[PDB]
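Below is one structure; the comments refer to it alone.
Per chain, numbering begins at 1; letters A, B, ... match sequence-line order.
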Amino acid sequence: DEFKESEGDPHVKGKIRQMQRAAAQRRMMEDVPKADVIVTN
Amino acid sequence: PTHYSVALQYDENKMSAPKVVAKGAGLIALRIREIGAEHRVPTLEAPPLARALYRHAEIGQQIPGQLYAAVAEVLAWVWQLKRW
Ligand code: NA
Ligand code: NA
Ligand SMILES: [Zn+2]
Ligand SMILES: [Zn+2]
């Protein structure tokens with residue numbers, strides 16, 4: 001089956017988890033309002 | 001610009017260590033400091049602890065034990081703040 005070949009594509013999978021790092025990062029930033037204190041500098 | 005930011009959430013029950021909800025540098029660090037200030041989240045400059053938390057504390061987890069005392073000192077600071 002060509003369905004498996006397209007499903008397995010390492011290249012489609014690498015973009016996909018590139019966009020996840022970005023997406024989970026954004027989910028991180030949207031949780032900042034839940035914080036009680038921000039430590040900096 | 002500027003280097004490090006760590007956002008903590010104190011535990012749901014009052015007697016457990018706080019967790020990291022966000023950390024970053026330096027654009028990210030800046031953009032956390034910004035959202036925090038925008039949403040009136042108290043922000044303390046404590047450069048040694050910020051670099052440390054940033055190095056060692058895992059997002060979504062309880063801060064590490066090496067850093068409890070220091071993060072408890074940040075909490076006393078948050079209490080000083082609640083009085084003008
Ligand atoms: Na809270
Ligand atoms: Na883990
Ligand atoms: Zn979103
Ligand atoms: Zn969230």
**Q.** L81(B) CG to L75(B) CG distance, which is reported to the nearest 0.5 Å
**A.** 11.5 Å
Q) With side chains defined as the heavy atoms from C-beta onward, is the minimum distance between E73(B) and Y68(B) less than 4.5 Å? A) no
Q: Would you mind reporting whether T40(A) and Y4(B) have side-chain heavy atoms less than 4.5 Å apart?
A: no
Q: Sequence neighbours left out, what passes side-chain contact (heavy atoms from CB on, under 4.5 Å) with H3(B)? Give chain and number order.
A: none
Q. Are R31(B) and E34(B) close enough for a salt bridge, meaning some N to O gap below 4.0 Å?
A. yes
Q) Are any of the side-chain heavy atoms of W77(B) and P42(B) separated by less than 4.5 Å? A) yes
Q. Does atom CD of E30(A) have more than 12 heavy-atom neighbours from other groups under 6.0 Å away?
A. yes
Q: Evaluate side-chain contact (heavy atoms from CB on, under 4.5 Å) for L44(B) paired with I38(A), printing each intermediate quantity in order.
A: CA-CA 6 Å; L44(B) 169 60; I38(A) 292 176; over 6 Å; no
Q: Mind running side-chain contact (heavy atoms from CB on, under 4.5 Å) on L49(B) and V71(B) for me, showing each step along the way?
A: CA-CA 8 Å; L49(B) 175 67; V71(B) 171; 4.2 Å; yes
Q) So, the side chain of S16(B) versus the backbone of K14(B): is there a donor-acceptor pair under 3.5 Å, distance only? A) no
Q. Side-chain contact, heavy-atom cut-off 4.5 Å: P33(A) with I35(B)?
A. yes
Q. Looking at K34(A) and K19(B), what are the two nearest heavy atoms and their distance?
A. NZ-NZ, 4.3 Å
Q. Taking side chain as C-beta onward, heavy atoms only, is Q62(B) less than 4.5 Å from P18(B)?
A. no
Q) Do the non-hydrogen side-chain atoms of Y54(B) and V39(A) ever get within less than 4.5 Å of each other? A) no
Q) Are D36(A) and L8(B) close enough that some pair of their side-chain heavy atoms sits under 4.5 Å apart? A) no
Q | Verdict with supporting geometry, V21(B) and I59(B), side-chain contact (heavy atoms from CB on, under 4.5 Å) | A | CA-CA 6 Å; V21(B) 315; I59(B) 312 175; over 6 Å; no
Q) Got a second to check how far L53(B)'s CG is from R51(B)'s CZ, nearest 0.5 Å? A) 11.5 Å
Q.
Is the shortest side-chain heavy-atom distance between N41(A) and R33(B) below 4.5 Å?
A. yes
Q. At their closest point, which heavy atom of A29(B) faces which heavy atom of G24(B), and how far apart are they?
A. CB-O, 3.0 Å
Q.
I need the minimum non-hydrogen distance between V20(B) and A57(B), along with the two atoms involved.
A. CG2-CB, 3.6 Å
Q: Determine, step by step, whether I28(B) and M29(A) satisfy the side-chain contact (heavy atoms from CB on, under 4.5 Å) criterion, reporting the C-alpha distance in whole Å, the side-chain angles of both residues, the deciding distance to 0.1 Å, and the verdict.
A: CA-CA 8 Å; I28(B) 309 306; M29(A) 302 297 276; 3.9 Å; yes
Q) With sequence neighbours left out, what residues match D1(A) under side chain to side chain donor-acceptor pair (under 3.5 Å)? A) none
